[PDB]
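*Asks:* So here's data.cif, just mmCIF, N, CA and C atoms:
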data_my_file
loop_
_atom_site.label_atom_id
_atom_site.label_comp_id
_atom_site.auth_asym_id
_atom_site.auth_seq_id
_atom_site.Cartn_x
_atom_site.Cartn_y
_atom_site.Cartn_z
N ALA M 1 -20.17 -1.42 16.19
CA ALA M 1 -19.92 -2.70 15.55
C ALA M 1 -19.07 -3.58 16.46
N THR M 2 -19.57 -4.78 16.74
CA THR M 2 -18.84 -5.67 17.63
C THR M 2 -17.61 -6.22 16.92
N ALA M 3 -16.64 -6.61 17.73
CA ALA M 3 -15.27 -6.75 17.27
C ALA M 3 -15.08 -8.01 16.42
N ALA M 4 -14.04 -7.97 15.60
CA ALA M 4 -13.63 -9.12 14.82
C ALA M 4 -12.86 -10.09 15.71
N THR M 5 -13.27 -11.35 15.68
CA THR M 5 -12.60 -12.41 16.41
C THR M 5 -11.92 -13.30 15.38
N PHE M 6 -10.60 -13.20 15.29
CA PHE M 6 -9.91 -13.83 14.17
C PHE M 6 -8.64 -14.52 14.61
N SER M 7 -8.36 -15.66 13.99
CA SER M 7 -7.12 -16.38 14.22
C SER M 7 -5.99 -15.67 13.48
N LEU M 8 -5.22 -14.87 14.20
CA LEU M 8 -3.98 -14.30 13.68
C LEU M 8 -2.89 -15.34 13.88
N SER M 9 -2.14 -15.62 12.82
CA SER M 9 -1.23 -16.75 12.80
C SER M 9 0.14 -16.33 12.28
N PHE M 10 1.18 -16.81 12.96
CA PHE M 10 2.56 -16.56 12.56
C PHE M 10 3.21 -17.80 11.94
N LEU M 11 2.42 -18.67 11.32
CA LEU M 11 2.96 -19.89 10.73
C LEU M 11 3.84 -19.57 9.54
N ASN M 12 4.78 -20.48 9.26
CA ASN M 12 5.85 -20.43 8.26
C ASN M 12 6.87 -19.33 8.52
N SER M 13 6.81 -18.63 9.65
CA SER M 13 7.84 -17.65 9.97
C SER M 13 9.13 -18.35 10.34
N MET M 14 10.25 -17.67 10.13
CA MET M 14 11.55 -18.23 10.45
C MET M 14 12.42 -17.17 11.10
N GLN M 15 13.61 -17.59 11.51
CA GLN M 15 14.58 -16.73 12.15
C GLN M 15 15.76 -16.58 11.20
N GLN M 16 15.85 -15.43 10.54
CA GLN M 16 16.97 -15.22 9.64
C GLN M 16 18.20 -14.78 10.42
N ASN M 17 19.28 -14.54 9.68
CA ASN M 17 20.58 -14.37 10.31
C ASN M 17 21.25 -13.10 9.84
N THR M 18 20.86 -12.62 8.66
CA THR M 18 21.39 -11.38 8.11
C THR M 18 20.26 -10.45 7.71
N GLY M 19 20.45 -9.17 7.95
CA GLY M 19 19.47 -8.20 7.52
C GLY M 19 18.69 -7.69 8.70
N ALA M 20 17.54 -7.10 8.39
CA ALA M 20 16.61 -6.62 9.40
C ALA M 20 15.34 -7.45 9.34
N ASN M 21 14.61 -7.45 10.44
CA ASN M 21 13.30 -8.08 10.50
C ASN M 21 12.33 -7.44 9.50
N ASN M 22 11.75 -8.28 8.65
CA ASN M 22 10.95 -7.81 7.53
C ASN M 22 9.78 -8.75 7.28
N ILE M 23 8.57 -8.18 7.22
CA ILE M 23 7.37 -8.97 6.99
C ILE M 23 7.35 -9.46 5.54
N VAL M 24 7.61 -10.75 5.37
CA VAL M 24 7.73 -11.32 4.04
C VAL M 24 6.36 -11.48 3.38
N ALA M 25 5.34 -11.85 4.14
CA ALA M 25 4.00 -11.98 3.59
C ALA M 25 2.99 -11.64 4.67
N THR M 26 1.84 -11.13 4.25
CA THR M 26 0.70 -10.95 5.13
C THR M 26 -0.58 -11.27 4.38
N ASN M 27 -1.52 -11.86 5.10
CA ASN M 27 -2.80 -12.22 4.51
C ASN M 27 -3.89 -11.96 5.53
N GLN M 28 -5.06 -11.58 5.03
CA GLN M 28 -6.22 -11.47 5.90
C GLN M 28 -7.44 -11.86 5.08
N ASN M 29 -8.36 -12.57 5.72
CA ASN M 29 -9.47 -13.19 5.01
C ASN M 29 -10.76 -12.39 5.12
N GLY M 30 -10.65 -11.08 5.31
CA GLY M 30 -11.81 -10.20 5.33
C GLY M 30 -11.65 -9.15 4.25
N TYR M 31 -12.67 -8.32 4.07
CA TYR M 31 -12.66 -7.33 3.00
C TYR M 31 -13.63 -6.20 3.30
N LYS M 32 -13.56 -5.19 2.46
CA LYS M 32 -14.30 -3.94 2.45
C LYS M 32 -15.61 -4.18 1.71
N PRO M 33 -16.67 -3.39 1.93
CA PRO M 33 -17.86 -3.56 1.08
C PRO M 33 -17.73 -2.88 -0.27
N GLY M 34 -17.86 -3.66 -1.34
CA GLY M 34 -17.82 -3.14 -2.69
C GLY M 34 -18.82 -3.86 -3.56
N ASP M 35 -19.04 -3.40 -4.80
CA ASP M 35 -20.12 -4.02 -5.56
C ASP M 35 -19.70 -4.82 -6.79
N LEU M 36 -19.22 -4.14 -7.83
CA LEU M 36 -18.90 -4.74 -9.12
C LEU M 36 -18.23 -3.71 -10.01
N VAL M 37 -17.09 -4.05 -10.60
CA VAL M 37 -16.51 -3.20 -11.62
C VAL M 37 -16.34 -3.93 -12.95
N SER M 38 -16.16 -5.25 -12.95
CA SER M 38 -16.00 -5.97 -14.21
C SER M 38 -16.30 -7.44 -14.00
N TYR M 39 -16.64 -8.11 -15.09
CA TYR M 39 -16.81 -9.56 -15.12
C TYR M 39 -16.11 -10.09 -16.36
N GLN M 40 -15.45 -11.23 -16.22
CA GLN M 40 -14.68 -11.77 -17.33
C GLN M 40 -14.70 -13.28 -17.28
N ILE M 41 -14.30 -13.90 -18.39
CA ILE M 41 -14.10 -15.33 -18.48
C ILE M 41 -12.61 -15.58 -18.59
N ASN M 42 -12.09 -16.48 -17.76
CA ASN M 42 -10.68 -16.81 -17.84
C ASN M 42 -10.48 -18.02 -18.74
N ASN M 43 -9.21 -18.32 -19.02
CA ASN M 43 -8.85 -19.30 -20.04
C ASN M 43 -9.16 -20.74 -19.65
N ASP M 44 -9.51 -21.00 -18.40
CA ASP M 44 -10.07 -22.28 -18.02
C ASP M 44 -11.59 -22.24 -17.86
N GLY M 45 -12.19 -21.05 -17.91
CA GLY M 45 -13.63 -20.92 -17.94
C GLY M 45 -14.25 -20.27 -16.73
N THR M 46 -13.45 -19.87 -15.74
CA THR M 46 -13.97 -19.31 -14.50
C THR M 46 -14.51 -17.91 -14.75
N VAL M 47 -15.82 -17.73 -14.59
CA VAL M 47 -16.43 -16.41 -14.72
C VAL M 47 -16.13 -15.67 -13.43
N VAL M 48 -15.23 -14.69 -13.50
CA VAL M 48 -14.73 -13.98 -12.34
C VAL M 48 -15.20 -12.54 -12.41
N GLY M 49 -15.84 -12.07 -11.34
CA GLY M 49 -16.22 -10.68 -11.22
C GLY M 49 -15.25 -9.94 -10.32
N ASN M 50 -14.45 -9.07 -10.93
CA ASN M 50 -13.63 -8.13 -10.19
C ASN M 50 -14.55 -7.05 -9.65
N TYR E 1 9.01 21.58 7.50
CA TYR E 1 8.17 22.63 8.05
C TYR E 1 9.03 23.74 8.64
N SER E 2 8.36 24.78 9.13
CA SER E 2 9.02 25.96 9.64
C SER E 2 9.37 25.85 11.12
N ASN E 3 9.43 24.63 11.65
CA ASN E 3 9.88 24.41 13.01
C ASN E 3 11.04 23.43 13.04
N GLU E 4 11.91 23.52 12.03
CA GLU E 4 13.25 22.95 11.93
C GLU E 4 13.27 21.44 11.69
N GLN E 5 12.14 20.75 11.76
CA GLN E 5 12.14 19.34 11.40
C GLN E 5 11.11 19.07 10.32
N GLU E 6 11.25 17.90 9.72
CA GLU E 6 10.31 17.34 8.78
C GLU E 6 9.37 16.39 9.51
N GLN E 7 8.35 15.94 8.79
CA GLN E 7 7.67 14.71 9.17
C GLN E 7 7.36 13.92 7.90
N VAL E 8 7.39 12.60 8.03
CA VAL E 8 7.09 11.73 6.90
C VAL E 8 5.60 11.80 6.62
N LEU E 9 5.25 12.00 5.35
CA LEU E 9 3.86 12.05 4.94
C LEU E 9 3.48 10.84 4.09
N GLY E 10 4.25 9.76 4.17
CA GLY E 10 4.00 8.57 3.40
C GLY E 10 5.29 8.04 2.81
N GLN E 11 5.24 6.87 2.19
CA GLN E 11 6.43 6.30 1.56
C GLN E 11 5.98 5.58 0.31
N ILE E 12 6.66 5.82 -0.81
CA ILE E 12 6.22 5.33 -2.11
C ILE E 12 6.32 3.81 -2.15
N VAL E 13 5.19 3.16 -2.31
CA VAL E 13 5.13 1.71 -2.38
C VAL E 13 5.37 1.28 -3.81
N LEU E 14 6.36 0.43 -4.01
CA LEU E 14 6.55 -0.23 -5.29
C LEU E 14 5.94 -1.62 -5.22
N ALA E 15 5.69 -2.20 -6.39
CA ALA E 15 4.96 -3.46 -6.44
C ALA E 15 5.36 -4.23 -7.70
N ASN E 16 6.24 -5.21 -7.53
CA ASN E 16 6.54 -6.08 -8.65
C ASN E 16 5.70 -7.35 -8.59
N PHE E 17 5.60 -8.03 -9.72
CA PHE E 17 4.65 -9.11 -9.90
C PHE E 17 5.38 -10.44 -10.04
N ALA E 18 4.60 -11.49 -10.32
CA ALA E 18 5.17 -12.80 -10.59
C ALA E 18 5.84 -12.79 -11.95
N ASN E 19 5.06 -12.59 -13.00
CA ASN E 19 5.58 -12.23 -14.31
C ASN E 19 5.18 -10.80 -14.63
N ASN E 20 6.06 -10.09 -15.31
CA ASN E 20 5.73 -8.72 -15.65
C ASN E 20 4.81 -8.65 -16.86
N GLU E 21 4.79 -9.68 -17.71
CA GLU E 21 4.04 -9.65 -18.95
C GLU E 21 2.58 -10.06 -18.78
N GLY E 22 2.11 -10.24 -17.56
CA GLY E 22 0.77 -10.74 -17.36
C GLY E 22 -0.26 -9.66 -17.13
N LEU E 23 0.19 -8.48 -16.72
CA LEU E 23 -0.70 -7.36 -16.44
C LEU E 23 -1.45 -6.87 -17.67
N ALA E 24 -2.72 -6.51 -17.47
CA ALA E 24 -3.56 -5.99 -18.53
C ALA E 24 -3.48 -4.48 -18.54
N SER E 25 -2.96 -3.92 -19.63
CA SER E 25 -2.85 -2.48 -19.79
C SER E 25 -4.22 -1.83 -19.88
N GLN E 26 -4.30 -0.61 -19.37
CA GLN E 26 -5.57 0.10 -19.30
C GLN E 26 -5.52 1.35 -20.16
N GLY E 27 -6.58 2.16 -20.10
CA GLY E 27 -6.77 3.20 -21.10
C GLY E 27 -5.82 4.37 -20.96
N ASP E 28 -5.11 4.44 -19.83
CA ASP E 28 -4.07 5.43 -19.63
C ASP E 28 -2.72 4.75 -19.54
N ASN E 29 -1.68 5.49 -19.13
CA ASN E 29 -0.33 4.93 -18.98
C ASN E 29 -0.25 3.83 -17.93
N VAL E 30 -1.26 3.71 -17.09
CA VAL E 30 -1.26 2.73 -16.03
C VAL E 30 -1.58 1.35 -16.59
N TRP E 31 -1.21 0.32 -15.84
CA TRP E 31 -1.63 -1.05 -16.12
C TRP E 31 -2.62 -1.50 -15.05
N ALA E 32 -3.02 -2.77 -15.15
CA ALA E 32 -3.80 -3.40 -14.09
C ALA E 32 -3.43 -4.88 -14.04
N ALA E 33 -3.50 -5.44 -12.84
CA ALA E 33 -3.05 -6.80 -12.58
C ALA E 33 -4.22 -7.77 -12.67
N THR E 34 -3.99 -8.89 -13.34
CA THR E 34 -5.01 -9.91 -13.53
C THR E 34 -4.53 -11.27 -13.05
N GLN E 35 -5.27 -12.32 -13.41
CA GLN E 35 -4.88 -13.67 -13.04
C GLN E 35 -3.65 -14.15 -13.80
N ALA E 36 -3.29 -13.49 -14.90
CA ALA E 36 -2.07 -13.83 -15.61
C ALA E 36 -0.83 -13.31 -14.92
N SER E 37 -0.97 -12.34 -14.02
CA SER E 37 0.16 -11.80 -13.28
C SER E 37 0.11 -12.11 -11.80
N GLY E 38 -1.02 -12.59 -11.30
CA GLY E 38 -1.16 -12.83 -9.88
C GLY E 38 -1.33 -11.54 -9.12
N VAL E 39 -1.41 -11.69 -7.80
CA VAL E 39 -1.52 -10.52 -6.94
C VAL E 39 -0.17 -9.82 -6.85
N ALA E 40 -0.21 -8.52 -6.61
CA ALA E 40 1.00 -7.72 -6.49
C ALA E 40 1.80 -8.12 -5.26
N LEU E 41 3.12 -8.12 -5.39
CA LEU E 41 3.97 -8.21 -4.22
C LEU E 41 4.35 -6.79 -3.84
N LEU E 42 3.82 -6.30 -2.73
CA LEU E 42 4.09 -4.93 -2.34
C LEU E 42 5.48 -4.83 -1.72
N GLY E 43 6.00 -3.62 -1.65
CA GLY E 43 7.29 -3.43 -1.01
C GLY E 43 7.75 -2.00 -1.15
N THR E 44 8.95 -1.76 -0.64
CA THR E 44 9.53 -0.43 -0.59
C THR E 44 10.77 -0.40 -1.48
N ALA E 45 11.00 0.76 -2.11
CA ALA E 45 12.07 0.92 -3.09
C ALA E 45 13.44 0.66 -2.49
N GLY E 46 14.29 -0.01 -3.26
CA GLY E 46 15.62 -0.35 -2.83
C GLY E 46 15.73 -1.52 -1.88
N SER E 47 14.62 -2.15 -1.52
CA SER E 47 14.62 -3.25 -0.57
C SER E 47 14.22 -4.53 -1.29
N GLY E 48 15.01 -5.58 -1.10
CA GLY E 48 14.72 -6.86 -1.72
C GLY E 48 14.97 -6.85 -3.22
N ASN E 49 13.94 -7.11 -4.01
CA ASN E 49 14.05 -7.09 -5.46
C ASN E 49 13.36 -5.88 -6.08
N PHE E 50 13.02 -4.88 -5.28
CA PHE E 50 12.29 -3.74 -5.79
C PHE E 50 13.25 -2.72 -6.38
N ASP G 1 -3.61 16.73 -6.14
CA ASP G 1 -5.00 17.10 -6.25
C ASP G 1 -5.12 18.54 -5.76
N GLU G 2 -6.27 19.16 -5.98
CA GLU G 2 -6.55 20.39 -5.26
C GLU G 2 -6.82 20.14 -3.79
N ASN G 3 -7.13 18.90 -3.42
CA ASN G 3 -7.11 18.45 -2.04
C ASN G 3 -5.73 17.95 -1.63
N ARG G 4 -4.73 18.10 -2.51
CA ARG G 4 -3.33 17.74 -2.27
C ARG G 4 -3.16 16.26 -1.98
N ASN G 5 -3.86 15.44 -2.75
CA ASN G 5 -3.56 14.03 -2.88
C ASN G 5 -2.63 13.88 -4.07
N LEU G 6 -1.50 13.20 -3.88
CA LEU G 6 -0.53 13.06 -4.96
C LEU G 6 -1.08 12.16 -6.05
N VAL G 7 -1.22 12.73 -7.25
CA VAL G 7 -1.78 12.06 -8.40
C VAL G 7 -0.81 12.22 -9.56
N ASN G 8 -1.04 11.44 -10.60
CA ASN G 8 -0.57 11.82 -11.93
C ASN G 8 -1.73 12.50 -12.64
N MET G 9 -1.48 12.98 -13.86
CA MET G 9 -2.44 13.87 -14.51
C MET G 9 -3.71 13.18 -14.98
N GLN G 10 -3.81 11.87 -14.86
CA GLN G 10 -5.02 11.15 -15.21
C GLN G 10 -5.96 11.00 -14.02
N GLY G 11 -5.76 11.79 -12.97
CA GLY G 11 -6.61 11.76 -11.81
C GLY G 11 -6.40 10.60 -10.87
N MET G 12 -5.51 9.67 -11.19
CA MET G 12 -5.33 8.47 -10.38
C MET G 12 -4.39 8.79 -9.23
N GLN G 13 -4.83 8.51 -8.01
CA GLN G 13 -4.07 8.87 -6.83
C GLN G 13 -2.92 7.89 -6.61
N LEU G 14 -1.72 8.44 -6.49
CA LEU G 14 -0.57 7.65 -6.09
C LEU G 14 -0.76 7.16 -4.66
N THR G 15 -0.33 5.94 -4.39
CA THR G 15 -0.59 5.31 -3.10
C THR G 15 0.72 4.94 -2.42
N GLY G 16 0.71 5.03 -1.10
CA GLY G 16 1.88 4.72 -0.31
C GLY G 16 1.47 4.29 1.08
N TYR G 17 2.46 3.87 1.86
CA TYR G 17 2.19 3.47 3.23
C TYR G 17 1.76 4.68 4.05
N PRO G 18 0.88 4.51 5.03
CA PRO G 18 0.49 5.64 5.85
C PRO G 18 1.58 5.98 6.85
N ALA G 19 1.55 7.22 7.31
CA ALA G 19 2.47 7.70 8.33
C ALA G 19 1.64 8.24 9.48
N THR G 20 1.60 7.50 10.58
CA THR G 20 0.73 7.80 11.71
C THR G 20 1.55 7.98 12.98
N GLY G 21 0.96 8.67 13.93
CA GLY G 21 1.58 8.96 15.21
C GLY G 21 2.26 10.32 15.21
N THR G 22 2.67 10.72 16.41
CA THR G 22 3.41 11.97 16.62
C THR G 22 4.69 11.63 17.36
N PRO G 23 5.86 11.69 16.71
CA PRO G 23 6.14 11.98 15.30
C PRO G 23 5.76 10.83 14.38
N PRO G 24 5.36 11.12 13.14
CA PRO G 24 4.95 10.06 12.22
C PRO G 24 6.12 9.17 11.83
N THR G 25 5.79 7.93 11.51
CA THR G 25 6.77 6.92 11.15
C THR G 25 6.21 6.15 9.96
N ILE G 26 7.09 5.73 9.06
CA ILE G 26 6.69 4.85 7.96
C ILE G 26 6.13 3.56 8.55
N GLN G 27 4.85 3.32 8.28
CA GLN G 27 4.15 2.18 8.86
C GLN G 27 4.14 1.09 7.80
N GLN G 28 5.29 0.42 7.68
CA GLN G 28 5.58 -0.50 6.58
C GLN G 28 4.78 -1.78 6.81
N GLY G 29 3.50 -1.72 6.46
CA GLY G 29 2.58 -2.78 6.81
C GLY G 29 1.57 -3.14 5.74
N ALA G 30 1.96 -2.95 4.48
CA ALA G 30 1.26 -3.44 3.29
C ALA G 30 -0.17 -2.93 3.17
N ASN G 31 -0.47 -1.76 3.74
CA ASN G 31 -1.79 -1.13 3.61
C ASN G 31 -1.61 0.24 2.97
N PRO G 32 -1.45 0.30 1.65
CA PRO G 32 -1.19 1.60 1.01
C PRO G 32 -2.47 2.42 0.87
N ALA G 33 -2.45 3.57 1.44
CA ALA G 33 -3.47 4.60 1.40
C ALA G 33 -3.04 5.70 0.44
N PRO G 34 -3.95 6.57 0.00
CA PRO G 34 -3.53 7.70 -0.83
C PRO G 34 -2.68 8.70 -0.05
N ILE G 35 -1.52 9.03 -0.61
CA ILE G 35 -0.60 9.96 0.02
C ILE G 35 -1.15 11.37 -0.10
N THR G 36 -1.31 12.05 1.03
CA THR G 36 -1.81 13.42 1.07
C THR G 36 -0.88 14.27 1.91
N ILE G 37 -0.31 15.30 1.31
CA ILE G 37 0.45 16.28 2.08
C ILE G 37 -0.50 17.39 2.53
N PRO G 38 -0.48 17.78 3.79
CA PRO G 38 -1.49 18.71 4.29
C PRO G 38 -1.08 20.17 4.12
N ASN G 39 -2.03 21.05 4.42
CA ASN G 39 -1.76 22.46 4.57
C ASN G 39 -1.65 22.89 6.03
N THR G 40 -2.16 22.08 6.95
CA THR G 40 -2.20 22.43 8.36
C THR G 40 -0.81 22.46 8.96
N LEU G 41 -0.66 23.21 10.04
CA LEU G 41 0.62 23.32 10.71
C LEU G 41 0.89 22.08 11.54
N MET G 42 2.16 21.79 11.76
CA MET G 42 2.55 20.79 12.74
C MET G 42 2.28 21.35 14.13
N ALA G 43 1.30 20.77 14.82
CA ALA G 43 0.95 21.24 16.16
C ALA G 43 2.05 20.87 17.14
N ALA G 44 2.36 21.80 18.05
CA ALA G 44 3.44 21.58 18.99
C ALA G 44 3.02 20.57 20.05
N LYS G 45 3.85 19.55 20.22
CA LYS G 45 3.63 18.52 21.22
C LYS G 45 4.67 18.73 22.32
N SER G 46 4.40 18.22 23.51
CA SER G 46 5.32 18.39 24.62
C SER G 46 6.47 17.40 24.55
N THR G 47 7.53 17.71 25.29
CA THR G 47 8.72 16.88 25.32
C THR G 47 8.41 15.60 26.07
N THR G 48 8.45 14.47 25.36
CA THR G 48 8.30 13.18 26.03
C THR G 48 9.54 12.84 26.83
N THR G 49 10.70 12.86 26.19
CA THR G 49 11.96 12.67 26.88
C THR G 49 13.03 13.51 26.21
N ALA G 50 14.03 13.88 27.00
CA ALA G 50 15.22 14.54 26.50
C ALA G 50 16.42 13.69 26.90
#
Could you spell out this file's structure in structure tokens?

*Replies:*
Amino acid sequence: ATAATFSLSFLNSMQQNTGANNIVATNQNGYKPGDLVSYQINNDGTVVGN
Amino acid sequence: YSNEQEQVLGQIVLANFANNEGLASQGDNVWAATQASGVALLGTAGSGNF
Amino acid sequence: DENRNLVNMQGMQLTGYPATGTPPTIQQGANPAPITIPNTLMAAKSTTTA
């Protein structure tokens, strides 16, 4: 499988002054292959399939 | 182990939410997180607000 | 588990951060895998530094 080419970004990071270096948030816009476990209607009407 | 040291086999991940009352309880003692609770904030015990 | 995955009695596997490398280290990186304690021996590795 040829490699993932992705923009890894350190935006909104800051330099704190007390404590240890700690990853406050992480996000990635890819996922695993899965199928369907549930479908529901939310209170604004969005039919969402988990 | 029997060679005088240990090794770490994992670390218990705790996960608090945006609101605690938003999670949908499931058929066992476990809960599950929905759009009423948002995505889990993962973390390690004793660190931050965990 | 009988495969020694840490579960509660409802069959649901407890999840934690992975511990990889020799010697293993808590890989505090928001990717919780199922915690499994092995039966295999700790294989002897050579002295990197003293």

*Asks:* Take atom C of residue 32 in chain M and atom N of residue 10 in chain M and report the distance between them in Å, one decimal.

*Replies:* 23.8 Å

*Asks:* Out of chain E, which residues get strand (DSSP E) from DSSP, as a ChimeraX atom specification?

*Replies:* /E:11-16,24-25,31-32,41-44

*Asks:* What are the residues of chain M lining chain G at 10 Å or less? Count only C-alpha atoms, and put the answer as number ranges by chain.

*Replies:* M: 22-23, 25-27

*Asks:* So what do you get for atom N of residue 32 in chain G versus atom C of residue 6 in chain M, distance-wise?

*Replies:*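 Between atom N of residue 32 in chain G and atom C of residue 6 in chain M the gap works out to 21.0 Å.
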
*Asks:* Compute the distance from (-6.8, 23.1, 3.9) to each atom, counting only C-alpha atoms, keep the residues with any atom at most 9 Å away, and return them as a CSV table (one decimal) with N, CA and C atoms, in the frame of the given file; use the coordinates of the file.

*Replies:*
chain,number,residue,atom,x,y,z
G,3,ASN,N,-7.1,18.9,-3.4
G,3,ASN,CA,-7.1,18.4,-2.0
G,3,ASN,C,-5.7,18.0,-1.6
G,4,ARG,N,-4.7,18.1,-2.5
G,4,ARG,CA,-3.3,17.7,-2.3
G,4,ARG,C,-3.2,16.3,-2.0
G,38,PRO,N,-0.5,17.8,3.8
G,38,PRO,CA,-1.5,18.7,4.3
G,38,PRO,C,-1.1,20.2,4.1
G,39,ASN,N,-2.0,21.0,4.4
G,39,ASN,CA,-1.8,22.5,4.6
G,39,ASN,C,-1.6,22.9,6.0
G,40,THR,N,-2.2,22.1,7.0
G,40,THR,CA,-2.2,22.4,8.4
G,40,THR,C,-0.8,22.5,9.0

*Asks:* Report as a PDB file with N, CA and C atoms, keeping the file's coordinate frame the residues that result from applying the PyMOL selection byres (((chain M and resi 37 and name CA) around 9) and name CA) to the structure here.

*Replies:*
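Dumped to result-v7.pdb:
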ATOM      1  N   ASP M  35     -19.040  -3.400  -4.800  1.00  0.00           N
ATOM      2  CA  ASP M  35     -20.120  -4.020  -5.560  1.00  0.00           C
ATOM      3  C   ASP M  35     -19.700  -4.820  -6.790  1.00  0.00           C
ATOM      4  N   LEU M  36     -19.220  -4.140  -7.830  1.00  0.00           N
ATOM      5  CA  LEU M  36     -18.900  -4.740  -9.120  1.00  0.00           C
ATOM      6  C   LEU M  36     -18.230  -3.710 -10.010  1.00  0.00           C
ATOM      7  N   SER M  38     -16.160  -5.250 -12.950  1.00  0.00           N
ATOM      8  CA  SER M  38     -16.000  -5.970 -14.210  1.00  0.00           C
ATOM      9  C   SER M  38     -16.300  -7.440 -14.000  1.00  0.00           C
ATOM     10  N   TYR M  39     -16.640  -8.110 -15.090  1.00  0.00           N
ATOM     11  CA  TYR M  39     -16.810  -9.560 -15.120  1.00  0.00           C
ATOM     12  C   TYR M  39     -16.110 -10.090 -16.360  1.00  0.00           C
ATOM     13  N   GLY M  49     -15.840 -12.070 -11.340  1.00  0.00           N
ATOM     14  CA  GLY M  49     -16.220 -10.680 -11.220  1.00  0.00           C
ATOM     15  C   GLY M  49     -15.250  -9.940 -10.320  1.00  0.00           C
ATOM     16  N   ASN M  50     -14.450  -9.070 -10.930  1.00  0.00           N
ATOM     17  CA  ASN M  50     -13.630  -8.130 -10.190  1.00  0.00           C
ATOM     18  C   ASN M  50     -14.550  -7.050  -9.650  1.00  0.00           C
TER      19      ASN M  50
END

*Asks:* Got a sec to resolve the PyMOL selection byres ((chain G) within 6.5 of (chain E)) on this structure and send the residues as a ChimeraX atom specification?

*Replies:* /G:15-19,24-26,30,35-37

*Asks:* What separation in Å, quoted to one decimal, exists between CA of residue 18 in chain E and atom N of residue 40 in chain M?

*Replies:* 21.4 Å

*Asks:* With distances taken over only C-alpha atoms, which residue among M:24, M:18, M:29, M:2 lies nearest chain E?

*Replies:*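 Closest residue, counting only C-alpha atoms: M:24.
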
*Asks:* Would you kindly return, as a list in words, each protein, DNA or RNA residue with an atom no farther than 6.5 Å from any atom of residue 20 in chain E, considering only N, CA and C atoms and excluding same-chain residues fewer than 3 positions away?

*Replies:* residues 17, 23 and 37 of chain E

*Asks:* Using the partial input, fill out range 13-24 of chain E with N, CA, C and O atoms; write the result as a PDB file, in the frame of the given file.

*Replies:*
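And here is the file that came out, part_38.pdb:
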ATOM      1  N   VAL E  13       5.190   3.160  -2.310  1.00  0.00           N
ATOM      2  CA  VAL E  13       5.130   1.710  -2.380  1.00  0.00           C
ATOM      3  C   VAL E  13       5.370   1.280  -3.810  1.00  0.00           C
ATOM      4  O   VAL E  13       4.671   1.732  -4.727  1.00  0.00           O
ATOM      5  N   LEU E  14       6.360   0.430  -4.010  1.00  0.00           N
ATOM      6  CA  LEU E  14       6.550  -0.230  -5.290  1.00  0.00           C
ATOM      7  C   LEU E  14       5.940  -1.620  -5.220  1.00  0.00           C
ATOM      8  O   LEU E  14       5.671  -2.151  -4.141  1.00  0.00           O
ATOM      9  N   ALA E  15       5.690  -2.200  -6.390  1.00  0.00           N
ATOM     10  CA  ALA E  15       4.960  -3.460  -6.440  1.00  0.00           C
ATOM     11  C   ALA E  15       5.360  -4.230  -7.700  1.00  0.00           C
ATOM     12  O   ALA E  15       4.860  -3.959  -8.784  1.00  0.00           O
ATOM     13  N   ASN E  16       6.240  -5.210  -7.530  1.00  0.00           N
ATOM     14  CA  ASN E  16       6.540  -6.080  -8.650  1.00  0.00           C
ATOM     15  C   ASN E  16       5.700  -7.350  -8.590  1.00  0.00           C
ATOM     16  O   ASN E  16       5.120  -7.683  -7.544  1.00  0.00           O
ATOM     17  N   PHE E  17       5.600  -8.030  -9.720  1.00  0.00           N
ATOM     18  CA  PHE E  17       4.650  -9.110  -9.900  1.00  0.00           C
ATOM     19  C   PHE E  17       5.380 -10.440 -10.040  1.00  0.00           C
ATOM     20  O   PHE E  17       6.598 -10.526  -9.901  1.00  0.00           O
ATOM     21  N   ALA E  18       4.600 -11.490 -10.320  1.00  0.00           N
ATOM     22  CA  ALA E  18       5.170 -12.800 -10.590  1.00  0.00           C
ATOM     23  C   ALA E  18       5.840 -12.790 -11.950  1.00  0.00           C
ATOM     24  O   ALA E  18       7.063 -12.946 -12.051  1.00  0.00           O
ATOM     25  N   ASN E  19       5.060 -12.590 -13.000  1.00  0.00           N
ATOM     26  CA  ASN E  19       5.580 -12.230 -14.310  1.00  0.00           C
ATOM     27  C   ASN E  19       5.180 -10.800 -14.630  1.00  0.00           C
ATOM     28  O   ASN E  19       4.098 -10.347 -14.248  1.00  0.00           O
ATOM     29  N   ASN E  20       6.060 -10.090 -15.310  1.00  0.00           N
ATOM     30  CA  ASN E  20       5.730  -8.720 -15.650  1.00  0.00           C
ATOM     31  C   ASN E  20       4.810  -8.650 -16.860  1.00  0.00           C
ATOM     32  O   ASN E  20       4.068  -7.681 -16.994  1.00  0.00           O
ATOM     33  N   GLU E  21       4.790  -9.680 -17.710  1.00  0.00           N
ATOM     34  CA  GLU E  21       4.040  -9.650 -18.950  1.00  0.00           C
ATOM     35  C   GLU E  21       2.580 -10.060 -18.780  1.00  0.00           C
ATOM     36  O   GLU E  21       1.876 -10.217 -19.783  1.00  0.00           O
ATOM     37  N   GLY E  22       2.110 -10.240 -17.560  1.00  0.00           N
ATOM     38  CA  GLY E  22       0.770 -10.740 -17.360  1.00  0.00           C
ATOM     39  C   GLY E  22      -0.260  -9.660 -17.130  1.00  0.00           C
ATOM     40  O   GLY E  22      -1.462  -9.894 -17.310  1.00  0.00           O
ATOM     41  N   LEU E  23       0.190  -8.480 -16.720  1.00  0.00           N
ATOM     42  CA  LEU E  23      -0.700  -7.360 -16.440  1.00  0.00           C
ATOM     43  C   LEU E  23      -1.450  -6.870 -17.670  1.00  0.00           C
ATOM     44  O   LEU E  23      -0.906  -6.822 -18.773  1.00  0.00           O
ATOM     45  N   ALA E  24      -2.720  -6.510 -17.470  1.00  0.00           N
ATOM     46  CA  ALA E  24      -3.560  -5.990 -18.530  1.00  0.00           C
ATOM     47  C   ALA E  24      -3.480  -4.480 -18.540  1.00  0.00           C
ATOM     48  O   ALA E  24      -3.876  -3.826 -17.563  1.00  0.00           O
TER      49      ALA E  24
END
